[PDB]
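Just so you know, ligand 1 is whichever comes first in the structure, and atom 1 is the first atom listed for that ligand. Below, all heavy atoms of this structure are taken into account, side chains as well, without hydrogens, waters or symmetry copies. The first residue in the sequence is number 1, and the count goes up from there.
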Amino acid sequence: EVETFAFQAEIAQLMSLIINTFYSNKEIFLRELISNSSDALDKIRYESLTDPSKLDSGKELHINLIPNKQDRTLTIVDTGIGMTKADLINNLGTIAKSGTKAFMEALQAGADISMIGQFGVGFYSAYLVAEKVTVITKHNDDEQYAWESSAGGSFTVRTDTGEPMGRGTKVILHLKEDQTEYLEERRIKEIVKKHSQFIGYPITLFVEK
Ligand SMILES: Cc1nc(-c2ccc(CO)cc2)no1
C-alpha cells in the first residue's frame, strides 16, 4: 500500500527553485543533512535523560555516510529520534511552510541558497544533487516508514519492509548523473572537514568496493 500526497504549493515552489536555479555551490547539501541528523540525535539524547528506555531501540548516537557507486546513491544515516507518520505527512510541512516563505523573502532581498538552513528547510537542499530522495525512518512511537519524492509536486509514504533500523533516519540521495563527485571519498572528506568539523557525534565515512 503506497500513499501519494501533494506537497503544499509553497514547498513545491521551493523544490522547483532549488532544482531550477543556477547555483554552483551545491556541496552545502551535506552540511544541511548532517546538521539535521545532529539535531535529531540531540533530541533523542535529551529525551533519554528523563526516560532512559527511549534508548532501548539503540544506545549508539552516530551519523554514517555511505556512498554506493553501483546504485549511485549517497546515504546519510543517523540514530536520532526518527519521525512518525504524522511528522512525514503533516508536521514537517506545517513548519516548512513558514520557513519557506521566510527563505524566499530573504532570497529576493539578496540572500543565497547556501543560507537555506537558517530557515529550517535545509533538507530540501538535497535536491541540489539528487533527482530522487528516499527517507527511511523509525520513531520509537511508530512503525518504520519510507518517504520518497522526485519532486514534481508529490511524495509517497509507505510502510517499509526493508531491514529494520531500530531507531533513526536514513536519507538516500539518488544522485543526478553529473553529481557523482559526492560518491568520492576525498570529496566527501573535504566537505565534512570544511562545513561539519564540530558536530558532536561521530561521523563515519564508509569506504566502497
Ligand atoms: C521528508 C523529510 N525528511 C526530513 C528529514 C530527514 C532526516 C532528518 C535527520 O534525521 C531530518 C529531517 N525532512 O523532510
Side-chain angles (χ1 to χ4, degrees), residues 2-8 10-15 18-19 28-48 54-55 57-58 60-66 73-100 103 116-160 165-174 192 195-196 199-204:
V2 174
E3 292 180 301
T4 305
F5 303 85
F7 287 110
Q8 291 168 106
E10 297 82 358
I11 283 47
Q13 195 186 24
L14 172 65
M15 285 170 88
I18 292 171
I19 290 160
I28 61 97
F29 79 92
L30 189 56
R31 172 190 69 199
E32 298 310 325
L33 300 182
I34 289 173
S35 176
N36 285 348
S37 289
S38 177
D39 292 345
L41 289 159
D42 286 346
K43 189 166 199 195
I44 190 61
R45 192 191 38 190
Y46 174 82
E47 288 192 10
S48 76
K54 303 218 164 167
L55 292 181
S57 48
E60 295 59 49
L61 303 178
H62 61 244
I63 303 173
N64 292 333
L65 308 176
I66 311 181
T73 57
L74 177 63
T75 301
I76 295 78
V77 183
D78 65 70
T79 51
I81 192 149
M83 298 175 276
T84 65
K85 192 179 192 204
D87 283 328
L88 291 177
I89 293 158
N90 287 298
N91 300 334
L92 286 172
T94 299
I95 298 313
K97 193 178 169 179
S98 48
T100 295
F103 180 47
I116 185 173
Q118 285 171 75
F119 305 89
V121 288
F123 166 77
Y124 298 98
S125 74
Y127 290 90
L128 291 168
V129 297
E131 59 190 14
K132 178 169 90 187
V133 179
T134 307
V135 177
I136 312 299
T137 192
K138 173 70 173 70
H139 187 282
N140 282 334
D141 294 344
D142 208 347
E143 296 302 287
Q144 188 163 306
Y145 294 98
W147 176 108
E148 190 164 83
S149 179
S150 300
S154 70
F155 62 95
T156 62
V157 176
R158 71 201 74 191
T159 302
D160 187 45
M165 285 174 45
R167 186 202 61 250
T169 302
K170 309 190 338 171
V171 175
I172 307 167
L173 306 175
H174 308 260
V192 169
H195 293 300
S196 303
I199 297 289
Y201 300 97
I203 300 171
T204 302

### Summary
Those residues at least two apart in sequence (or on a different chain) that pass salt bridge (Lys or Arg N to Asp or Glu O under 4.0 Å) with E60 are none
### Task
Write out the residue and atom name of the closest protein heavy atom to atom 1 (C) of ligand 1, then the distance separating them to 0.1 Å.
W147 CE2, 3.3 Å
### Query
Looking only at non-hydrogen atoms, which of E32, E148, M83 approaches atom 3 (N) of ligand 1 most closely?
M83
### Message
Starting from atom 8 (C) of ligand 1, what is the nearest protein heavy atom, named by residue and atom, and what distance separates them?
### Response
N36 CB, 4.0 Å
### Summary
Note: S196 and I34 closest approach over all heavy atoms is OG-CD1, 3.8 Å
### Message
For the residue pair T169 / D78, report whether a side-chain donor-acceptor contact shorter than 3.5 Å exists.
### Response
no
### Query
Could you give the distance from OH (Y201) to CG (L41), rounded to the nearest 0.5 Å?
5.5 Å
### Query
Is it the case that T84 and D142 place a side-chain donor and acceptor less than 3.5 Å from each other?
no
### Query
Which ligand 1 atoms, with their elements, are less than 4.0 angstrom from a heavy-atom of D78?
9 (C), 10 (O)
### Message
Ignoring hydrogens and geometry beyond distance, is a side-chain donor-acceptor pair present between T134 and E148 at under 3.5 Å?
### Response
yes
### Query
What atoms of ligand 1 come within less than 4.0 Å of a heavy atom belonging to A40?
10 (O)
### Task
Using a strict cut-off of 4.0 Å, indicate which atoms of ligand 1 neighbour a heavy atom of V171.
6 (C), 7 (C)
### Message
Within the structure, is a non-hydrogen atom of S37 found at a distance of less than 4.0 Å from ligand 1?
### Response
yes
### Message
Quick test: of every protein heavy atom, which one is nearest to atom 4 (C) of ligand 1, and how far off is it to 0.1 Å?
### Response
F123 CD1, 3.7 Å
